[PDB]
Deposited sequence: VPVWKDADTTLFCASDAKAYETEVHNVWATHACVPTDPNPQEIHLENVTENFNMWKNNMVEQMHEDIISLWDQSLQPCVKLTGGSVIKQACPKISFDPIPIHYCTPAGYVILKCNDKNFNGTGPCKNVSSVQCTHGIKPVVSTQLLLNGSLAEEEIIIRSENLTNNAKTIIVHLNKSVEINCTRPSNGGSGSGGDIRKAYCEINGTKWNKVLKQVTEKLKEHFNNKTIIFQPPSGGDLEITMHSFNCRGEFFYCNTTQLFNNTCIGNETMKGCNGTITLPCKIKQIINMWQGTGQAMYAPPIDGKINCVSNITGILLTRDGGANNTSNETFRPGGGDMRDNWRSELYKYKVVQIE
């Protein structure tokens, strides 16, 4: 027997000894070793209600990544309003690793094994576990990177699809590779390569699905309508450098004669609007050599235009900024219960 409850979680990872990569270093002192023998217990004929938009695990993971980034990605200058601090900012080794979130004695994690689970409402195939799976804490905007994939169809996730102020998480069932490079020897100019055939096939399927939720209306994609570079661009961190990539070529409804390699223009930025809290961090110029990251696009962050009930269209724009939706997109099938 159990009841919905919150408690302090603990983390587990496969961190290595002597490795200087910051995620490894942080997991070495902040987490325990991964469960050598994990085994979930199935709860026969048990239906449970989940709410990925109201999940204290998300808040706790957010706390951890903030602590991780604050211990590892030390900006040269942090203009956090008023006075400014110019601490140490050596170049570091940055590559996220999987982190497990685990419950203490007296608690368990309920796991939604419904393959069409959209993140809210009842779950028919419930299992109990001691730790979540390994979740990579990938910080990004617009595109969710290096995550898990929907096991069946593309899933639409939203706290309330009818309210246009609620972010939509698109969970893909097929990943799309995005290959980003800053060639060696403008040191800040880069480019991301995406296969256009693939991207346009998935993007078409996303419109088909969104049609299902918006009574077969005309689905239109448009670039963000204003804001800072972090959300009008696809932002992410590659080898400790902050990439800002123009996704206009991705969120055009054009696709013809357009089906080759899509080349997104990118910049490595030194001055960043932080995602942890309102403030500005400045880092040193980028490192030498070929900077390259090959990542899987496993989801999209979408915001729907308002003032369209009286039209025949629904316009969708890439979103982002609140990193909790990134953790949400992986924590959606977990919930913490107390053993009564």
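Comparing the deposited sequence with the modelled residues shows gaps at 1 to 2, 188 to 194, 265 to 270, with numbering starting at 1.
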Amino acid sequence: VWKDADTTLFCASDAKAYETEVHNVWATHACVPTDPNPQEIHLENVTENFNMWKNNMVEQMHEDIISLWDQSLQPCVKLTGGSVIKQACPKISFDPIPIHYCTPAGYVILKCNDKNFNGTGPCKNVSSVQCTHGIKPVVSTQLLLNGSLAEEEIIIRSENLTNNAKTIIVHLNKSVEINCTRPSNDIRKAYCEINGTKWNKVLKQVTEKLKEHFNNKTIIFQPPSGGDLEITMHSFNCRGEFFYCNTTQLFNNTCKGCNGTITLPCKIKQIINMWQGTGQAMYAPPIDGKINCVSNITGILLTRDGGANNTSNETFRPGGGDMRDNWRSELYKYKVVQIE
From here on, numbers count along this sequence of modelled residues.
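In this entry, the higher average B-factor at the C-alpha atoms falls on 257 to 265, of the pair 257 to 265 and 129 to 137.
Higher mean CA B-factor, judged across 206 to 214 and 79 to 87 from the recorded values: 79 to 87. In the deposited coordinates, the residue among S67, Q60, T28, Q280 with the greatest CA B-factor is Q280. Note on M52, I300, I271, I41: the highest value goes to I41, judged by CA B factor as recorded. The deposited CA B-factor of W327 belongs to the lowest third of values across its chain. The entry lists a Cα temperature factor for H23 that places it in the lowest third of the chain's modelled residues.
When the modelled residues of the chain are ordered by their C-alpha B factor, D228 lands in the highest third. Per the deposited record, the Cα B-factor of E241 falls in the lowest third when ranked against the other modelled residues of its chain. In the PDB entry, a CA B factor belonging to the highest third of its chain's modelled residues is recorded for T311.
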